[PDB]
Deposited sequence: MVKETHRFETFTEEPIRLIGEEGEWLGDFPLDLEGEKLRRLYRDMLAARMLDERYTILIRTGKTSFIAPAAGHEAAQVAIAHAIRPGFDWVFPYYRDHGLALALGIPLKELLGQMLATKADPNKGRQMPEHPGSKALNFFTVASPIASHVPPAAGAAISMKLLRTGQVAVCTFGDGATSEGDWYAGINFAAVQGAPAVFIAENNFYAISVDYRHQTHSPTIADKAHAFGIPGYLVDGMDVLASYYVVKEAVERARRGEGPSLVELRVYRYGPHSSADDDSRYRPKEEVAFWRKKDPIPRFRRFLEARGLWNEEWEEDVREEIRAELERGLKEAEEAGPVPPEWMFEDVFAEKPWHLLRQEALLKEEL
C-alpha cells in the first residue's frame, strides 16, 4: 500500500461520524487505538496545564499546541521512541509527552529547575532528552533541519536501521536552511522524514524541489497522520530516502468542529472502544500524573549559578575558570 502523493485535498481516514475511509484495512488493535486517544487527552491536558503555569507566573513562556494533538501523537507512535530520533521545534511538547519524556523533565524545563536535564539553559518550550533521542529544541526557526539530515546520514552509514523525523511550522519552510537541509538528505537518500505541523502552493508541493514524495494530510485526523507518517518512516527505513509530510492542523490558542479529540472519540465509540466511564478514569489518571510531575519539578530546586559556566566545552578552559571565580565574588 502507498498513499497518493501531492493530493489536492488532504488525506483523511476518519469520517466525521467515526467511519473508516481507508483503501486498506485498519490494522491497529483496540488497545493501540485507545492508547492513541489516551495520549491525545494527555497532550491536551498538558497544554491546558501550561496555560495555568503561565497565568500564575510559574513559567515565562508557552507555545500553545492545542489542536496539534492528532499530528503530534501520531508522529510519536509512527516511530520507535528511544530508537528513532526526533528533531522537534518549540511547539512539540505534546509530541514529547507521547514519546515518553517524563513530565518532571518537561516541566522542569518550563520552570528551569534542576529537574530539567537541559539545566534551565534555555527559555521555556525547549525540552530535550538524550534518553529518547529528542534533539534539544533550538530557538531559530529551521536551524534543526540540516542537523536532522546529518543524523539520518549517520544512521545510513552506520546501518543502525534508525530514522530521523523532523518537525516544524510552515513559517520554517521559508528559511534557506530548511531547503538546504532537506536537499542534502534527498541527494543522499538519507532516512529522514520531514513533517510540517501547518497551522492552516502547498508545503507538500515543495517536495518537487527535492525529487522526493510530498504528502498533504489532515493533521486533525490521528489515523491519517499516523499511517502517512508511518509509511514515510518505513520508506526511509528501507533505504528509499526522505519524504515531506504536511499535517494541516488548526491552533485554537494564540501563536470546535475540528478538534481532533472528539473526532477520534467517535471513531472509538463506533467500535465499542469508548464510553464516558473510561473517559473519566483516564482523565483522572492524567491529572494525577500532571500534579505529581509538577510537584517533582518544583521541589527539584533552582539551578546553581555556577552551572552557567558548565557544558560550554567538555571541560572549563582558563578564561571560564576565571569568569566563574569572578562571579563568585558577587555571590
Next on the checklist: Counting from residue 1 of the deposited sequence, where are the gaps with no C-alpha coordinates?
Outcome noted: 1-5, 206-218, 274-291
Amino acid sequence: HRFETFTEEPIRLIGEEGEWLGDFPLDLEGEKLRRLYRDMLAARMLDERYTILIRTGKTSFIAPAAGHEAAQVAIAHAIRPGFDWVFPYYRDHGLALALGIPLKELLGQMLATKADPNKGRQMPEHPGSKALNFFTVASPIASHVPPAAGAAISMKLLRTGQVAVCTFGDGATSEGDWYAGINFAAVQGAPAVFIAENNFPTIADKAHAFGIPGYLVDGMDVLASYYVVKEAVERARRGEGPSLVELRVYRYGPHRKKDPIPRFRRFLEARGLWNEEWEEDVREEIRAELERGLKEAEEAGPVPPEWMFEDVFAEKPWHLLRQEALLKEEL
From here on, numbers count along this sequence of modelled residues.
Item to check | Of 283-291 and 22-30, the stretch whose C-alpha atoms average the higher B-factor in the entry | outcome: 283-291
Checklist entry - Per the entry, where is the mean C-alpha temperature factor higher: 225-233 or 257-265? => result 257-265
Checklist entry - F210's Cα B-factor: lowest, middle or highest third of the chain? => result middle
Checklist entry - Split the chain's modelled residues into thirds by Cα B-factor; is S143 in the lowest, middle or highest one? => result lowest
Checklist entry - Comparing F184 with the other modelled residues of its chain, is its CA B-factor in the lowest, middle or highest third? => result lowest
Next on the checklist: Could you place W178 in the lowest, middle or highest third of its chain by Cα temperature factor, using the values in the record?
Outcome noted: lowest
Next on the checklist: Ranking the modelled residues of this chain by C-alpha B-factor as given in the entry, is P88 in the lowest, middle or highest third?
Outcome noted: lowest
